[PDB]
Amino acid sequence: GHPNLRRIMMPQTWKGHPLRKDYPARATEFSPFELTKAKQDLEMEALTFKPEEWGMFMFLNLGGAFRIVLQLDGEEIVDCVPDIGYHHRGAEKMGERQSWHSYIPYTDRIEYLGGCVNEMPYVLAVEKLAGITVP
Amino acid sequence: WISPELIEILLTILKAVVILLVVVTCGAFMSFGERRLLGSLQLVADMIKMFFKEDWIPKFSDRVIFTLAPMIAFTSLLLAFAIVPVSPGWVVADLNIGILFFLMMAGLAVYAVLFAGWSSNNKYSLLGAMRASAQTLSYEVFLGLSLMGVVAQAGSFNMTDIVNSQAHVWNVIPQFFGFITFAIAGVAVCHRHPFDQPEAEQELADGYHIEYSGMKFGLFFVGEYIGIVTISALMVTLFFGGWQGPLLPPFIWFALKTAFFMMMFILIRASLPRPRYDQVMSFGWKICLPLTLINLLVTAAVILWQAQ
Amino acid sequence: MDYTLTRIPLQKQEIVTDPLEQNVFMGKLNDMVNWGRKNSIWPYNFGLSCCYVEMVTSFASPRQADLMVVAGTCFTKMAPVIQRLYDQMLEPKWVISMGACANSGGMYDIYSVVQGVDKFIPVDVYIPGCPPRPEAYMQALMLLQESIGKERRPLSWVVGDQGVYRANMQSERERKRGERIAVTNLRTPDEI
Amino acid sequence: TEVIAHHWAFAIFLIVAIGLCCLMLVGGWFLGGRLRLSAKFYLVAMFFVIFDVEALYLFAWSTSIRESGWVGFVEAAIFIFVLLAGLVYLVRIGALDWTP
Amino acid sequence: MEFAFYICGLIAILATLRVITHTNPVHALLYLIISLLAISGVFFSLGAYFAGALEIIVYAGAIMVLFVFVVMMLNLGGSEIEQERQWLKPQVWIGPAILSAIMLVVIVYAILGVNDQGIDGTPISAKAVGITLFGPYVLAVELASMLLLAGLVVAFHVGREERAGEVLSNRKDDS
Ligand code: SF4
């Protein structure tokens with residue numbers, strides 16, 4: 001009973017599920033055929049747009065950096081479902097891959113303005129797991 | 001076939017070509033001058049790079065007006081400079097309509113923006129071209145009246161009669177309203193910084209300079225600056241003293257005053273922020289046009305009062 | 001020095017010698033062309049994740065810039081955008097890869113990260129390390145300026161060889177080897 | 001024997017300006033290897049056209065300002081009064097403000 | 001200034017001939033622009049400097065501006081009319097053309113039979129137009145101002161939007 005249940009972070013042409021334990025957490029062999037295919041999908045996504053997959057008058061894609069699908073009654077915005085997942089670094093899956101000590105730079109690279117603020121919660125939760133009372 | 005009339009004619013042709021090259025290199029050099037004020041061989045390097053780059057015709061466009069819009073943007077406000085006299089014996093055009101011709105050129109200046117907006121097969125570029133064209137029409141409507149203040153003071157359209165009527169008093173001080181209206185109209189028509197890039201209020205609008213690469217973009221890049229230098233020349237020859245000075249030679253005085261006015265334009269680049277589009281149109285329709293009409297009526301009453 | 005050429009990631013490049021070792025008018029004209037391409041370079045700072053503030057604080061319409069700075073991480077959903085923006089540009093074109101994320105996978109060897117920009121488009125100049133300083137970018141501008149200053153590209157598409165020539169430059173690590181090895185002492189990290 | 005030289009100078013200036021632009025463009029080329037916009041834009045263009053044609057009467061007035069006496073000043077004054085009445089009508093109705 | 005007049009007339013006739021039998025309208029408007037420029041050159045060649053300067057100031061600097069503004073505004077390329085190609089069919093092309101050409105030959109027969117004193121010099125500047133514009137012809141420009149005011153009122157009342165929006169997709173009968 002969930003409306004527009006689709007892939008939000010990964011592209012819609014994805015085979016498996018990333019955070020599942022049997023999914024290999026490595027970059028595969030970069031075949032240029034997939035790149036050309038995805039470029040061709042990006043080519044006709046604006047003219048042959050299908051307003052049924054996104055859960056949606058004129059339809060456009062307005063280009064952190066991300067694109068949002070915009071439906072307009074003239075110039076008035078009627079519906080808007082933003083497209084995210086374009087910066088998916090996979091922090092949690094690598095959190096399953098790195099040790100407790102080696103995840104600290106990955107904790108920095110969540111948001112760039114925060115940094116030390118970003119590594120505070122991971123360090124405090126790891127101290128909670130270990131049972132460390134800092135002075 | 002050596003005759004002195006042919007020698008004098010060829011000397012006049014030489015005068016025409018040296019004034020063309022000097023205005024072109026003046027615009028090209030103080031492009032870098034403004035970029036430093038915000039290495040003169042850097043423009044030569046840029047010209048070499050632009051010459052050794054392929055012009056892209058878009059496959060959805062046509063090969064005529066896409067290249068003819070930078071043609072208008074360069075040459076229309078280039079031949080606007082043919083009117084300007086720099087000296088009693090160094091003028092290239094002594095025809096009677098010395099103000100109407102600049103009005104022709106400024107009227108044809110909107111063609112470049114409109115044709116570029118259609119030529120870029122892009123709805124946002126078309127909307128941006130509509131905004132810019134509406135602005136430049138809304139200011140070139142009273143550009144003519146700002147010039148007609150000085151025209152009515154000096155009688156005829158000829159710039160020689162203008163600068164000879166500037167003998168006793170320059171036209172800047174009796175007509176300051178005409179001066180500021182002409183400055184505002186020349187800023188807006190040539191797309192100078194405060195009345196520039198009207199895409200700032202809508203993200204469904206884009207510039208007409210987009211999809212122009214290489215030589216077709218360099219034509220705009222040098223055309224706006226040749227336009228601002230010929231607008232400065234128009235300004236000095238109309239409101240200030242054209243070639244008029246006590247001691248230094250007249251062409252030196254003309255160059256000094258032109259340089260002074262585009263350093264004033266650099267000060268304009270530095271000081272004021274960009275107003276909103278509605279404020280720009282409301283200003284140019286409600287304040288400037290009645291003020292210059294009142295200026296024309298006032299200078300008419302003045303020139304008919306002390307007519308003895 | 002030796003030269004590589006590309007003529008018409010899967011392309012073929014082999015070692016040749018420059019044609020200027022053999023018309024003295026063409027040698028001066030090609031040098032002037034390389035000089036003009038050197039001192040006038042327009043970058044296209046690509047908007048990506050988090051080397052932006054290093055290109056924001058260092059100091060721009062596309063298709064007029066002959067230089068492209070690929071800065072952030074190259075993802076599977078963003079790589080076609082990179083390829084489309086690269087083919088939007090017109091030759092001659094050069095690429096600077098900022099940060100580790102553009103040189104390589106860059107700390108992300110994971111399923112959703114393309115391992116470097118080299119996988120789909122060639123890169124001319126690399127800058128290593130998580131976020132590089134703008135001075136490193138400006139030194140890379142020097143590096144690509146001198147690399148552009150020594151090339152052999154065709155002047156026109158009517159007469160001449162229809163292949164651009166890249167220079168097999170000496171690497172910066174061997175050139176700086178004496179100055180880097182000959183470092184005796186450093187400041188201790190207990191002070192500022 | 002001077003205006004012919006001036007016309008010749010005008011001609012070579014125009015011809016060599018278009019020729020310089022043509023050679024510049026072809027030297028750049030040779031080397032290297034259903035919607036609707038609005039109606040207010042049309043309205044402001046029409047304002048420009050009508051006020052430019054009234055400005056034409058002001059253009060022709062400005063050259064003969066002295067040779068026509070005070071009666072010509074009165075006629076141009078009532079012309080400008082009609083022009084400003086139209087402009088203030090346009091101001092007061094609300095068809096001149098943008099409000100994006 | 002006679003060969004300039006003849007060549008300007010010839011390219012004006014050619015430009016308006018390409019205007020009449022064109023397909024996409026923006027190129028036809030460009031051809032009309034250069035035709036108006038040529039007629040302005042004709043005006044300059046006959047001593048009417050004010051007339052040619054006016055043609056490029058007003059007729060080519062404002063009126064063709066309105067035409068291209070409308071065309072570039074509502075986005076016609078001649079769609080659904082280029083593919084029909086009615087004007088490049090002959091059974092419609094002979095009739096009006098030979099009728100209006102019969103008009104052409106009869107009106108140029110009416111042209112001849114008038115004495116030829118030639119176009120003289122003495123170019124009439126804007127000063128003469130000014131002194132005869134506010135002398136005998138005062139009510140001409142006063143009621144022409146009234147006429148332009150009426151035209152502005154008519155076209156503003158007819159052609160305003162009545163809807164809010166700087167981007168509008170086309171609805172039938174305006175919603
Ligand atoms: S190199 Fe570092 S700072 Fe730059 S994009 Fe990658 S994670 Fe961000």
# chains A, B, ... in the order shown; residues from 1 in each chain; ligands from 1
$ closest_atom_pairs --of "chain E" --to "chain B" --cutoff "6 Å" --atoms "only C-alpha atoms" --output "JSON lines"
{"residue": "E:56", "atom": "CA", "partner": "B:104", "partner_atom": "CA", "distance": 5.6}
{"residue": "E:57", "atom": "CA", "partner": "B:104", "partner_atom": "CA", "distance": 4.7}
{"residue": "E:61", "atom": "CA", "partner": "B:107", "partner_atom": "CA", "distance": 4.6}
$ closest_atom_pairs --of "range 20-124 of chain E" --to "range 21-38 of chain D" --cutoff "9 Å" --atoms "only C-alpha atoms" --output "Markdown table"
| residue | atom | partner | partner_atom | distance |
| --- | --- | --- | --- | --- |
| E:72 | CA | D:37 | CA | 8.7 |
| E:73 | CA | D:37 | CA | 5.4 |
| E:74 | CA | D:36 | CA | 4.8 |
| E:75 | CA | D:36 | CA | 6.6 |
$ write_last_selection --atoms "C-alpha atoms" --output "PDB file, in the first residue's frame"
ATOM      1  CA  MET E  72       9.396  34.836 -31.855  1.00  0.00           C
ATOM      2  CA  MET E  73       6.723  35.205 -29.147  1.00  0.00           C
ATOM      3  CA  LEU E  74       3.964  32.773 -30.093  1.00  0.00           C
ATOM      4  CA  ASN E  75       6.354  30.275 -31.757  1.00  0.00           C
TER       5      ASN E  75
END
$ closest_residue --among "A:75, A:53, A:43, A:119" --to "chain C" --atoms "only C-alpha atoms"
A:43
$ residues_near_ligand --ligand "ligand 1" --cutoff "7 Å" --atoms "only C-alpha atoms and all ligand atoms" --output "compact mmCIF listing (two decimals) with C-alpha atoms, in the first residue's frame"
# COMPACT_ATOMS: atom_id res chain seq x y z
CA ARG A 109 32.96 12.53 4.09
CA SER C 49 30.15 16.79 -4.46
CA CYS C 50 32.91 18.29 -2.32
CA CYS C 51 35.92 19.71 -4.17
CA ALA C 71 36.61 17.41 -9.23
CA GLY C 72 34.15 15.26 -7.30
CA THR C 73 33.41 11.56 -7.19
CA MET C 98 41.08 17.17 -8.95
CA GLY C 99 41.27 15.05 -5.83
CA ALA C 100 41.65 11.32 -5.38
CA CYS C 101 38.01 10.76 -6.41
CA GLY C 106 39.34 7.88 -4.37
CA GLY C 129 44.85 13.90 -2.53
CA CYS C 130 41.65 14.70 -0.66
CA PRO C 131 40.77 18.18 -1.06
$ select_by_dssp --residues "range 27-167 of chain E" --states "alpha helix (DSSP H)" --output "NGL selection string"
:E and (27-45 or 49-54 or 64-74 or 90-111 or 126-131 or 138-158)
$ interface_residues --of "chain A" --to "chain B" --cutoff "12 Å" --atoms "only C-alpha atoms" --output "list in words"
residues 60, 61, 62, 63, 70, 72, 74, 75 and 76 of chain A
$ interface_residues --of "chain B" --to "chain C" --cutoff "7 Å" --atoms "only C-alpha atoms" --output "PDB file with C-alpha atoms, in the first residue's frame"
ATOM      1  CA  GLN B  42      46.853  38.212 -23.701  1.00  0.00           C
ATOM      2  CA  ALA B  45      46.706  35.030 -27.461  1.00  0.00           C
ATOM      3  CA  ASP B  46      42.917  34.940 -27.001  1.00  0.00           C
ATOM      4  CA  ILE B  48      44.794  33.187 -31.784  1.00  0.00           C
ATOM      5  CA  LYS B  49      42.899  30.652 -29.649  1.00  0.00           C
ATOM      6  CA  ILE B 210      24.870  30.338 -24.810  1.00  0.00           C
ATOM      7  CA  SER B 213      31.306  29.193 -29.371  1.00  0.00           C
ATOM      8  CA  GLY B 214      34.513  30.523 -30.850  1.00  0.00           C
TER       9      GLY B 214
END
$ residues_around --residues "residue 51 in chain A" --least-positions-apart "2" --cutoff "12 Å" --atoms "only C-alpha atoms" --output "ChimeraX atom specification"
/A:4,45-49,53-61,69-71,79-81
$ select_by_dssp --residues "chain C" --states "strand (DSSP E or B)" --output "number ranges by chain"
C: 3-7, 15-16, 43-45, 67-70, 75, 94-97, 113, 125-126, 152, 156, 163-167
$ closest_residue --among "C:30, C:4, C:57, C:45" --to "chain D" --atoms "only C-alpha atoms"
C:30
$ residues_around --residues "residue 276 in chain B" --least-positions-apart "5" --cutoff "9 Å" --atoms "only C-alpha atoms" --output "PyMOL selection string"
chain B and resi 198+200-201+281
$ residues_around --residues "residue 187 in chain B" --least-positions-apart "4" --cutoff "10 Å" --atoms "only C-alpha atoms" --output "PyMOL selection string"
chain B and resi 136+139+181-183+191-196+228+231+265+268
$ write_last_selection --atoms "C-alpha atoms" --output "short mmCIF file (atom, residue, chain, number, x, y, z; two decimals), in the first residue's frame"
data_model
loop_
_atom_site.label_atom_id
_atom_site.label_comp_id
_atom_site.auth_asym_id
_atom_site.auth_seq_id
_atom_site.Cartn_x
_atom_site.Cartn_y
_atom_site.Cartn_z
CA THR B 136 16.42 47.66 -24.74
CA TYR B 139 15.13 52.44 -23.13
CA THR B 181 18.75 59.96 -19.63
CA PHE B 182 21.20 59.37 -22.50
CA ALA B 183 23.66 57.70 -20.11
CA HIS B 191 23.73 45.86 -22.10
CA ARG B 192 25.97 47.40 -19.45
CA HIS B 193 26.13 45.91 -15.95
CA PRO B 194 23.12 47.40 -14.04
CA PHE B 195 20.75 46.83 -16.98
CA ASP B 196 22.34 43.48 -17.81
CA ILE B 228 30.26 51.07 -25.35
CA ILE B 231 28.45 55.31 -27.05
CA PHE B 265 31.87 53.30 -16.77
CA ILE B 268 29.64 52.11 -12.79
#
$ residues_around --residues "range 249-255 of chain B" --least-positions-apart "4" --cutoff "8 Å" --atoms "only C-alpha atoms" --output "list in words"
residues 86, 87, 236, 242, 243, 244, 245 and 259 of chain B
$ write_last_selection --atoms "N, CA and C atoms" --output "short mmCIF file (atom, residue, chain, number, x, y, z; two decimals), in the first residue's frame"
data_model
loop_
_atom_site.label_atom_id
_atom_site.label_comp_id
_atom_site.auth_asym_id
_atom_site.auth_seq_id
_atom_site.Cartn_x
_atom_site.Cartn_y
_atom_site.Cartn_z
N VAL B 86 36.42 63.37 -34.74
CA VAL B 86 37.49 63.52 -33.77
C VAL B 86 38.31 64.79 -33.98
N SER B 87 38.16 65.45 -35.13
CA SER B 87 38.94 66.62 -35.49
C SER B 87 38.24 67.31 -36.66
N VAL B 236 30.50 62.17 -25.51
CA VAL B 236 31.40 63.32 -25.40
C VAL B 236 31.13 64.32 -26.53
N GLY B 242 33.38 68.38 -27.87
CA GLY B 242 34.03 67.61 -28.90
C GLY B 242 35.26 68.33 -29.41
N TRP B 243 36.42 67.67 -29.35
CA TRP B 243 37.75 68.18 -29.75
C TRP B 243 38.07 69.58 -29.22
N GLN B 244 37.46 70.01 -28.12
CA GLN B 244 37.62 71.37 -27.62
C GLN B 244 38.53 71.39 -26.41
N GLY B 245 39.59 72.20 -26.48
CA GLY B 245 40.53 72.32 -25.40
C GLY B 245 41.48 73.49 -25.58
N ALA B 259 38.45 58.32 -22.63
CA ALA B 259 39.03 57.49 -21.58
C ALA B 259 38.43 57.82 -20.22
#
$ closest_atom_pairs --of "chain D" --to "chain E" --cutoff "8 Å" --atoms "only C-alpha atoms" --output "CSV"
residue,atom,partner,partner_atom,distance
D:34,CA,E:169,CA,6.3
D:35,CA,E:169,CA,4.1
D:36,CA,E:74,CA,4.8
D:37,CA,E:167,CA,5.1
D:38,CA,E:166,CA,5.4
D:39,CA,E:161,CA,5.3
D:40,CA,E:160,CA,7.0
D:42,CA,E:70,CA,6.7
D:43,CA,E:156,CA,6.8
D:45,CA,E:66,CA,6.5
D:46,CA,E:66,CA,7.1
D:47,CA,E:152,CA,7.5
D:48,CA,E:62,CA,7.7
D:49,CA,E:62,CA,5.5
D:50,CA,E:148,CA,6.4
D:52,CA,E:58,CA,7.4
D:53,CA,E:58,CA,7.0
D:54,CA,E:145,CA,6.6
D:57,CA,E:141,CA,7.2
D:60,CA,E:130,CA,5.1
D:61,CA,E:130,CA,5.5
D:62,CA,E:130,CA,7.8
D:63,CA,E:127,CA,5.3
D:64,CA,E:130,CA,5.0
D:67,CA,E:131,CA,6.8
D:68,CA,E:131,CA,6.5
D:72,CA,E:134,CA,5.8
D:75,CA,E:138,CA,7.3
D:79,CA,E:142,CA,6.1
D:82,CA,E:145,CA,7.5
D:83,CA,E:145,CA,7.6
D:86,CA,E:149,CA,7.0
D:100,CA,E:166,CA,7.4
$ residues_around --residues "residue 19 in chain A" --least-positions-apart "2" --cutoff "12 Å" --atoms "only C-alpha atoms" --output "mmCIF file with C-alpha atoms, in the first residue's frame"
data_model
loop_
_atom_site.group_PDB
_atom_site.id
_atom_site.type_symbol
_atom_site.label_atom_id
_atom_site.label_comp_id
_atom_site.auth_asym_id
_atom_site.auth_seq_id
_atom_site.Cartn_x
_atom_site.Cartn_y
_atom_site.Cartn_z
ATOM 1 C CA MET A 9 19.075 6.006 -4.564
ATOM 2 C CA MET A 10 20.160 3.438 -7.151
ATOM 3 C CA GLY A 16 20.306 -6.600 -6.788
ATOM 4 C CA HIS A 17 19.996 -4.816 -3.457
ATOM 5 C CA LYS A 21 24.734 -9.190 3.012
ATOM 6 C CA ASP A 22 25.257 -11.251 -0.167
ATOM 7 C CA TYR A 23 25.811 -8.167 -2.350
ATOM 8 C CA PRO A 24 29.502 -7.666 -3.246
ATOM 9 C CA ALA A 25 30.639 -4.205 -2.143
ATOM 10 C CA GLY A 90 27.769 4.082 -0.106
ATOM 11 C CA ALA A 91 28.769 5.080 3.413
ATOM 12 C CA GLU A 92 26.824 2.362 5.252
ATOM 13 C CA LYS A 93 27.901 -0.551 3.036
ATOM 14 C CA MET A 94 31.517 0.510 3.506
ATOM 15 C CA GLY A 95 30.702 0.813 7.207
ATOM 16 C CA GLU A 96 30.067 -2.914 7.008
ATOM 17 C CA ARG A 97 33.468 -3.200 5.261
ATOM 18 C CA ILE C 110 32.300 0.579 -3.876
ATOM 19 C CA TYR C 111 29.615 -0.489 -6.375
#
$ atom_distance --atom1 "CA of residue 2 in chain E" --atom2 "CA of residue 33 in chain E"
22.2 Å
$ atom_distance --atom1 "CA of residue 152 in chain C" --atom2 "CA of residue 20 in chain D"
29.0 Å
$ decode --residues "range 269-284 of chain B" --atoms "C-alpha atoms" --output "compact mmCIF listing (two decimals), in the first residue's frame"
# COMPACT_ATOMS: atom_id res chain seq x y z
CA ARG B 269 30.89 48.50 -12.99
CA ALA B 270 32.18 48.83 -9.42
CA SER B 271 29.48 50.79 -7.56
CA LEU B 272 25.85 50.12 -8.19
CA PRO B 273 24.04 46.78 -7.89
CA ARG B 274 21.64 45.36 -10.45
CA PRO B 275 17.98 46.40 -10.00
CA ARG B 276 15.05 44.05 -10.47
CA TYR B 277 13.35 43.68 -13.85
CA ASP B 278 10.04 45.25 -12.81
CA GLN B 279 11.90 48.18 -11.26
CA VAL B 280 13.98 48.60 -14.43
CA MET B 281 10.94 48.69 -16.75
CA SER B 282 8.92 50.87 -14.36
CA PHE B 283 11.83 53.33 -14.12
CA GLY B 284 12.40 53.46 -17.88
